[PDB]
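> Can you look at this? It's an experimental structure, sequence on top.
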Amino acid sequence: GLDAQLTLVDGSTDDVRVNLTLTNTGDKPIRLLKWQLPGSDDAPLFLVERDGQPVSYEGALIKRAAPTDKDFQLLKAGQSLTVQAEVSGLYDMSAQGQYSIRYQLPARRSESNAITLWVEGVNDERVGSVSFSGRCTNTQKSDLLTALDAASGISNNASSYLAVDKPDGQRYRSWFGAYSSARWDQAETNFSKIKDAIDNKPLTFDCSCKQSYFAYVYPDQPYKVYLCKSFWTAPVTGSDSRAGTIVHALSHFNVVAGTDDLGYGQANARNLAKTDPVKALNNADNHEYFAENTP
Amino acid sequence: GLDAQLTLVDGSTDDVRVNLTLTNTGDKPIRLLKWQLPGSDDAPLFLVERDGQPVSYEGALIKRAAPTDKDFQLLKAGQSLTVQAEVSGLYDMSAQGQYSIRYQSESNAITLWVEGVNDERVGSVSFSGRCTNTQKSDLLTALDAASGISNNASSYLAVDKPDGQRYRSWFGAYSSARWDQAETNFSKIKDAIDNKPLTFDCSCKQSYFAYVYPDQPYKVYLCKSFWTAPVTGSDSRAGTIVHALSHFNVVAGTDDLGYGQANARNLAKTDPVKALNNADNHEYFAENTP
Ligand SMILES: [Zn+2]
Ligand SMILES: [Zn+2]
C-alpha cells in the first residue's frame, strides 16, 4: 500500500516546516491526487491542534472540476516522493503552546503519524492591531512586528522634526523641496496620519506576493499591505528598508496621506523635490526617505 | 519629442480597450520607464473623466526599486511602440456616461460612451483585481442567478420532506438535525447574497473556477473556469457563487471534500454529515440540475 512518514525539520526559526516521505511499498503502481500532496499551493492537508483543540485552516479553498487523469501523480513500485511544507502560514500557530500536526493522506485511484512541537509564540499584544494573510509564517510574523516597531520609530522621528518649522531645513529640502508654510503643513499632516495608522489602526500584512519588488497596496482598501520579495531582502532599518517600506505603503491609503507612486529611488525622489515640491509631497518614496533619513 | 497617440479599439463588449502608440519625433533616442507604459502591472497612467467629472483609480500602487537597466525601454529616433490596455478594470467606469480617457495631458483625449453596469447593488457588491465593465455586468447577472437558486433552495428547506428526492441526492438520508443543518447553511448563504458586503475579484488566472479564504469574508476570487461556465445550470456561475460563499466560516464553514456531481452524490450516500459540510453538495442542491 502507501507508506507515509511525517517529520519535523530542525532549524533556528519559529517556522514549523514539516518533511513528508511517501513510499509505494506495494506490488503495483499507485496514483496520488496532486492537489492532495503538500506543495507550494494552498490546500488544507494538515490537522493541526493546539492543546488538543483543532486550529482552523486559513489558506485558500478552491472550486475545481472533478479530478481527471492529468491530476494524478504516479508512484511506481518502490518509488518514493519527498516534499517539504511550512505549516504556520496555513494554520495560525502564532499563539504559544503544544501543537500537534498530522498530514492528511492523499486520495488514491486516513492520516500520517503525528508530530508534536512547542511553539514559544509571538509575544505581542497586537496579534491598533496587526493581522496577517497570504501565508505569513511565524518567523515572517515576528520579523514584521520588529519592522513595524522600527517604522513607528522613524515615523515618530519624522513627526517630531515637522513639529517646528525650519525654512532652511536640509532634511525637508532634500525630500520635499522649496519651503512654504502650507507645504510644510501638508508634510506634517501626512506624517502624523502615517504615525497614527502605525500605532492606532487595524493593520493587515500579506506575505503572498512573490513579485520581485518591495510591496504594493490598493489605496482604497485600508490597511492591507502586500509584502513582496524585496521587503524580505531589505534591511530592517536604513535606505529602502523594511521600516521604510511600511512608511511608504501606508502613506498611499486615501484615509492616511493618499500619496502616489510618481517615481522610485532616492535620486528620482530628490529630483522631484527640486522639480516639483507638489509632486514630491504626493510621492510615497519621498515620505519614506524623509523618515529613513539615512546618510 | 514624444508623440503620444491614444485610440479606442473596436470590440463587441463593454470592455474599454485602448491603443497607445508612442512615436519619437525627435532626433535623439529617448528612454522610457517600462512601468510608465500601460500593460499588465497596475499603474495610474490614465486621467479618466466621466462627462467632465473625475473617476477614481482602482488599481494597485507598487514600491519598486530605483530603475535599473532592465527597467528602461529605448525609443530610437523616428521609431514607435504600440501598447494596448483595458481601462475599466483599473478605473471605476461602472456609472453610465460619456467618458474621456487621456494617457498621462500627454496623449490626445478619446471619448467613449459606457452604457454602464447595473448599479444599486453598490448589502452591496464591490470589485477588485481589474474586473472590466463586461465582467462586472456578467458578475451581477450571475449573482442574481445565484440569489434565485439560493432562494429556491431555502424555500425547499423550509418544510421537511423525509423522502424528498432533491435533499436525498445531495445531503443523503433524512433526520431533523441533518435537515436543520442544511436549512441553517442555506439561510446564511441567502443572507450573504442579500445583505452582506460582497467583493468579487477578477485577477485569478488559474484554470479552475474560484477560490476564497475562509476567514476573509466576503471576498470571492474568480478564475478562468468561472468565465467559461454558463450563467446557470450545472457547475454554473450562479452555483460557483453558492459554493464559494458557503466556505466562509461566518456563512457555513463548508470544506472542499469532493468535487463534481458523482463525487458529491457518493458523499451523500455514505457520509451525510460530511455532505452537509461540502461546498459542491450545497452548490448542486441549489443548481438542482439533472
Ligand atoms: Zn471550494
Ligand atoms: Zn508605493
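Nice, thanks for sending it over. Numbering: from 1, shown residues only, chains lettered A, B, ... in the order given. Ligands and ions are numbered 1, 2, ... in the order given.
> tell me the contacts of the residue most central in space within chain A?
Centroid-nearest residue in chain A: residue A:207, 2.9 Å away (criterion: Cα atoms, centre = their mean). Counting by Cβ atoms under 8 Å, 6 or more residues apart in numbering or on different chains, residue A:207 touches A:89, A:132, A:133, A:134, A:135, A:136, A:137, A:140, A:227. All C-beta atoms are positioned from the backbone trio N, CA, C, and that covers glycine.
> and if we set it to 6 Å?
By Cβ atoms under 6 Å, 6 or more residues apart in numbering or on different chains, the residues touching residue A:207 are A:134, A:135, A:136, A:140, A:227.
> farthest-separated two in the residues you listed?
A:135 and A:227 (11.0 Å; Cβ to Cβ).
> between these two, which one's more packed in?
Using other Cβ atoms under 10 Å in any protein chain shown as the criterion, residue A:135 and residue A:227 rank with residue A:227 on top: 26 against 18.
> which residues in the stretch 151-295 of chain A form strands?
Here the stretch 151-295 of chain A has its strands, by DSSP state E, counting those that start in this stretch, at A:202-206, A:215-217, A:224-227.
> what packs against the second one?
Right, the one you point to is strand A:215-217. Contacts defined by 3 or more Cβ pairs under 6 Å, 6 or more residues apart in numbering or on different chains; DSSP states H and E place strand A:215-217 against strand A:224-227, helix A:242-252, strand B:61-63.
> Pull up the pairing partners for that strand, direction included.
strand A:224-227 (antiparallel), strand B:61-63 (antiparallel) (DSSP bridges).
> Reformat these as CSV; add distance to ligand 1.
Shown next, in CSV, are the strands paired with strand A:215-217 (distance: least, Cβ to the ion, whole Å):
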stretch, distance to ligand 1
strand A:224-227, 23
strand B:61-63, 30
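> can these go into JSON lines with extra columns for distance to residue A:103?
Formatted as JSON lines, the strands paired with strand A:215-217 follow (distance: least, Cβ to Cβ, whole Å):
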{"stretch": "strand A:224-227", "distance to residue A:103": "28"}
{"stretch": "strand B:61-63", "distance to residue A:103": "37"}
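> sorry, back to before: just give the nearest non-adjacent residue to the residue nearest to the centre of chain A, would you?
Using Cβ to Cβ, 6 or more residues apart in numbering or on different chains and skipping the chain neighbours, the partner closest in space to residue A:207 is residue A:136 (3.9 Å).
> So what touches stretch A:229-241?
A:147, A:150, A:212, A:213, A:214, A:215, A:242, A:243, A:245, A:292, A:294.
> One more pass at 7 Å, please.
A:146-147, A:150, A:210-215, A:242-243, A:245, A:266, A:292, A:294, B:65 (Cβ atoms under 7 Å, 6 or more residues apart in numbering or on different chains).
> Turn the buried ones among the residues you listed into a named ChimeraX selection, would you?
Burial among the contacts of stretch A:229-241 is assessed by 16 or more other Cβ atoms under 10 Å in any protein chain shown; the matching ChimeraX selection reads:
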select /A:147,150,213,214,215,242,243,245,266,292
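> Max pairwise distance over the contacts of stretch A:229-241: which two?
A:210 and A:294 (27.4 Å).
> Just to check, the residue nearest to residue A:207 is in contact with residue A:89?
Yes. Counting by Cβ atoms under 7 Å, residue A:136 does reach residue A:89; the two are 6.0 Å apart.
> OK, contacts around residue A:274?
residue A:177.
> How about residue A:223?
With contact taken as Cβ under 7 Å, 6+ apart, residue A:223 is in contact with A:197, A:201, A:202, A:203, A:204, A:250, A:253.
> Try it again at 8 Å.
So residue A:223 contacts A:197, A:201, A:202, A:203, A:204, A:250, A:253, A:256 (Cβ under 8 Å, 6+ apart).
> Check residue A:175 too.
Residue A:175 sits in contact with A:269, A:270, A:273, A:280, A:286, A:287, A:289, A:290, where contact means Cβ under 8 Å, 6+ apart.
> Does residue A:204 touch residue A:133 like I think?
Yes. Look at residue A:204 against residue A:133 with Cβ atoms under 8 Å: they come within range, at 6.2 Å.
> Common neighbours of these two, please.
Common neighbours of residue A:204 and residue A:133 (Cβ under 8 Å, 6+ apart) are residue A:224.
> In contact with the residue lying closest to residue A:186 once chain neighbours are set aside: list those residues for me.
Closest residue in space to residue A:186, ignoring its immediate chain neighbours: residue A:281 at 5.3 Å, by Cβ to Cβ, 6+ apart. Residues counted as contacts of residue A:281 (Cβ under 8 Å, 6+ apart) are A:176, A:183, A:186, A:187, A:190.
> go with 6 Å
A:176, A:186, A:187.
> can you list the residues of the stretch 101-250 of chain A near ligand 2?
Neighbours of ligand 2 within the stretch 101-250 of chain A, by Cβ under 5 Å from the ion: none found.
> 8 Å - rerun?
Listed as neighbours of ligand 2 in the stretch 101-250 of chain A under the rule Cβ under 8 Å from the ion: A:214, A:215, A:216, A:217, A:248, A:249.
> is the fourth one in a bridge, and if so with what?
Note on residue A:217: beta-bridge partners by DSSP bridges are residue B:61.
> so who does it touch?
So residue A:217 contacts A:225, A:249, A:252, B:61 (Cβ under 6 Å, 6+ apart).
> Please repeat the previous calculation with a cut-off of 10 Å.
With contact set as Cβ atoms under 10 Å, 6 or more residues apart in numbering or on different chains, residue A:217 has these partners: A:206, A:223-226, A:248-253, A:256, A:261, A:284, B:60-63.
> Now for the residue in the stretch 101-250 of chain A positioned nearest to chain B: which residues touch it?
Relative to chain B, the nearest point of the stretch 101-250 of chain A is residue A:214 (3.9 Å; Cβ to the nearest Cβ). By Cβ under 10 Å, 6+ apart, the contact list for residue A:214 reads A:226-234, A:240-242, A:244-245, A:248-249, A:264, A:288, B:62-65.
> per the record, what domains does chain A have?
For chain A, the structural domains run A:1-127, A:128-295, going by curated CATH domains.
> how far out from the middle of the chain is the last one?
Going back to what we said before, that points to domain A:128-295. 16 Å (Cα atoms, centre = their mean, to the nearest Å).
> what about that domain, start to end distance?
End-to-end distance for domain A:128-295, by Cα to Cα, to the nearest Å: 32 Å.
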